[PDB]
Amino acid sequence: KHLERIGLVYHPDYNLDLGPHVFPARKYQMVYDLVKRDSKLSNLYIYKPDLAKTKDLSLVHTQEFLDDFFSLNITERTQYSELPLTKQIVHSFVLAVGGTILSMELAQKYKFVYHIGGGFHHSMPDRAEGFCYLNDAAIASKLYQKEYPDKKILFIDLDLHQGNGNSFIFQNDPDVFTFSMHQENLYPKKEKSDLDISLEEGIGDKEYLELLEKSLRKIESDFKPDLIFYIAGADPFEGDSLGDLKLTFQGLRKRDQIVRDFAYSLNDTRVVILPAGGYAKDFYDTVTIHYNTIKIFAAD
């Protein structure tokens, strides 16, 4: 009964100008600004992380990989990232891992924590890929598991792309369940999640949401989570420049509402919400979709 509805995590140093790169790495500050500009949401508490500890990074990542990451070294461990490797990028990723860990800690007092940052679901123990250098949700999961050895974690991954890093890290862990709905013909090389729904180009709201509702029933038939990481990507949007799925703004809202309501129906459960991707042709649509997720989870 102590639980408050929703808190936010953010750090302004997440934001980077990546120049011509496809990834809108300044989305975070504008999602944050839309929150600040809203008279309802501007009343939520915002928490700021410190840099994640290297010892915590090591719960998921190999020392060889961390050596290459921190030294800005170009090797097989870093060269598949599809991103530059600069001190600013290192700094932004280590802060964001700190943010996702903080979000998970905040789930002790909030039903929902929306992290305006993170969702690095392609990051592997020994190699970066898919614009992801460190695995924020995997690291936070390992910490949560040390705190609560009996508790269970569900990843609901509704970003356009499979959460392969998470599927791989948790493939032999019975206390973690990975669920993903993703476009099948895109990056990445597919791992075996606990439940994968392979989507075809052109899927619309009705079919997508039907598959989601069915999938959540399937999950709960097999698995009762205490903590959920909801990877609430913006990239299934019909206007996305990378994806070919055709979810509307209202479809993405309904998606978020379905996940929200699934959590509400499980009394002990808490949710950390992570934005992951989004490549709308209009940058402002990406921002708007993430803002809409916050508004959904914050709703009366």
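In case it trips you up, residue 1 is the first one in the sequence shown, and so on.
Looking at mean Cα B-factors across 190 to 198 and 146 to 154, the upper value is held by 146 to 154. Averaged over CA atoms, B-factors in the entry run higher in 258 to 266 than in the other of 27 to 35 and 258 to 266.
Highest CA B-factor among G119, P174, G99, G163, as stated in the entry: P174. Listed residues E129, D136, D159, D226 were ranked by CA B-factor as deposited; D226 comes out on top. The deposited CA B-factor of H115 belongs to the lowest third of values across its chain. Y208: CA B factor lies in the highest third for its chain, per the PDB record. Remark: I294 belongs to the lowest third of its chain, ranked by C-alpha B-factor as recorded. For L41, the recorded CA B-factor ranks within the highest third of the chain. Only modelled residues enter the ranking. Sorting the modelled residues of the chain by their CA temperature factor places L18 in the highest third.
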